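Asker: Quick one, structure for this:
(2 chains)
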Amino acid sequence: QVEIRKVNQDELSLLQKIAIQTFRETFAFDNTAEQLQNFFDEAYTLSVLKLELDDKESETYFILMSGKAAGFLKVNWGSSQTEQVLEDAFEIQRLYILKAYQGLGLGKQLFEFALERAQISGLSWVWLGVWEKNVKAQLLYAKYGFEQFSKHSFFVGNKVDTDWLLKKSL
Amino acid sequence: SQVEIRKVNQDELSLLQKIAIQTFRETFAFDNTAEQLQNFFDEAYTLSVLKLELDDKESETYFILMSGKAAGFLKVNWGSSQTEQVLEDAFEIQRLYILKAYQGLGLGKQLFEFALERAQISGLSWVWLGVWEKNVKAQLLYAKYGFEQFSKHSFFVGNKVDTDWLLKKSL
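Answerer: Residues are numbered from 1 along each chain as shown, chains lettered A, B, ... in the order given. Below, you will see the structure:
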């Protein structure tokens, strides 16, 4: 019953909807509505998502359950990567599954699809960022063969944090 | 007075690294672990990164000195050296730290006012800086010099979403 394919040009509003809903589900319990809205207002307007859909060096996919969008995947290469950290590299930037569809294995299936796209790309590396404190995710990524190669620290108010960058040889 | 403000000398690179590290430690050490701070030092405050900064034609770094001793520092940017391209013909105040042993003497205000005058002399149209949405005290202070919000940037760390406001002042 499951399909994975690129977002259609005529599904821009649908994409905005699921992107907003998943962000709300992931972040709403620990942040205020206004804080979340600040992010929507910047990252998930129809015009920004439109540029992303038209970007030649990026792809956005839906994973679907019986024809209904259950989650989405954004991948980047070339100048569209969020950061230039490796040569001949492919970035997995976004992966969200709607709560109503979690626990069904769809996340794993979409992540595995992302790795196969990377393989088919003929590039040398696939990479992603993970929070220094998210050990569970780290462990999971390590099982697919990802390894740390760099990091980026920054601060918010009084709190300093770090992201690790992990790569997998293609 | 006993106070001087001037560019960091080429032969003061190590001095700069020292004060940059010490001020960061003073500002952040009570709420973060030593390892977290070291991650930042290891990336931002190595001699080689600071060297590129000192050699950068579109940026300046200044010491404020008290009786010949470095008490704090100031980094300003323009052109492509700005941390973000958000305005045209703009000048950025990126870093300003005063050593704790020298706080409360008015040196911060004096260095910020020096930064605004450099901006004026630059002939550019705007001076801007970023401030944390939650730092109301700083907001209020900035507003007194004539800064106004014009944009913002949200991001997330783990489970927490945050926002920075960008403020500009007409030159």
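Asker: got a list of what residue A:144 touches?
Answerer: Contacts of residue A:144 were listed using CB atoms under 8 Å, 6 or more residues apart in numbering or on different chains, and they are A:111, A:115, A:168. From N, CA and C alone the C-beta is placed, and that goes for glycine too.
Asker: Out of the residues you listed, list just those in strands.
Answerer: residue A:168 (DSSP state E).
Asker: Can I get the buried part of the contacts of residue A:144 as one PyMOL selection?
Answerer: Buried residues among those (16 or more other CB atoms under 10 Å in any protein chain shown), as a PyMOL selection:
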select buried, chain A and resi 111+115+168
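Asker: In stretch A:101-115, which residues are buried?
Answerer: Quick answer for stretch A:101-115 (16+ other CB under 10 Å): A:101, A:106, A:107, A:110, A:111, A:113, A:114, A:115.
Asker: what does it rub up against?
Answerer: A:2, A:4, A:61, A:63, A:65, A:70-71, A:73, A:75, A:92, A:95, A:97, A:126, A:144, A:168.
Asker: And the strands in chain A?
Answerer: Assigned by DSSP E, the strands in chain A fall at A:2-6, A:58-65, A:68-77, A:89-97, A:125-131, A:147-156, A:159-169.
Asker: still on that earlier bit, buried subset of the contacts of stretch A:101-115, written for ChimeraX?
Answerer: Buried residues among the contacts of stretch A:101-115 (16+ other CB under 10 Å), as a ChimeraX selection:
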select /A:4,61,63,65,70,71,73,75,92,95,97,126,168
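Asker: Widest-spaced pair of the contacts of stretch A:101-115?
Answerer: A:65 and A:168 (27.7 Å; CB to CB).
Asker: For residue A:43, which non-adjacent residue is spatially closest?
Answerer: Residue nearest to residue A:43 in three dimensions, not counting chain neighbours: residue B:154, with 7.6 Å by CB to CB, 6 or more residues apart in numbering or on different chains.
Asker: wait, what's in contact with the residue nearest the centre of chain A?
Answerer: Central residue of chain A (CA atoms, centre = their mean): residue A:94, 0.8 Å from the mean position. Counting by CB under 8 Å, 6+ apart, residue A:94 touches A:72, A:73, A:74.
Asker: among the buried residues of stretch A:101-115, which two are most distant?
Answerer: A:101 and A:115, at 20.5 Å, using CB to CB across those.
Asker: Pull out the buried positions in stretch A:129-144.
Answerer: With burial defined by 16+ other CB under 10 Å, the residues of stretch A:129-144 counted as buried are A:129, A:130, A:131, A:132, A:138, A:141.
Asker: So what would you say the end-to-end distance of it is?
Answerer: Start-to-end span of stretch A:129-144 (CA to CA, to the nearest Å) is 14 Å.
Asker: how far is it from where the chain is centred?
Answerer: Centroid displacement of stretch A:129-144 relative to its chain, using CA atoms, centre = their mean, to the nearest Å, is 14 Å.
Asker: on that earlier part again, from the buried residues of stretch A:129-144, which is closest to chain B?
Answerer: residue A:131 (5.2 Å; CB to the nearest CB).
Asker: from memory the closest one sits against residue A:154, does it?
Answerer: No - the criterion here is CB atoms under 8 Å, and residue A:131 misses it with residue A:154 at 11.7 Å.
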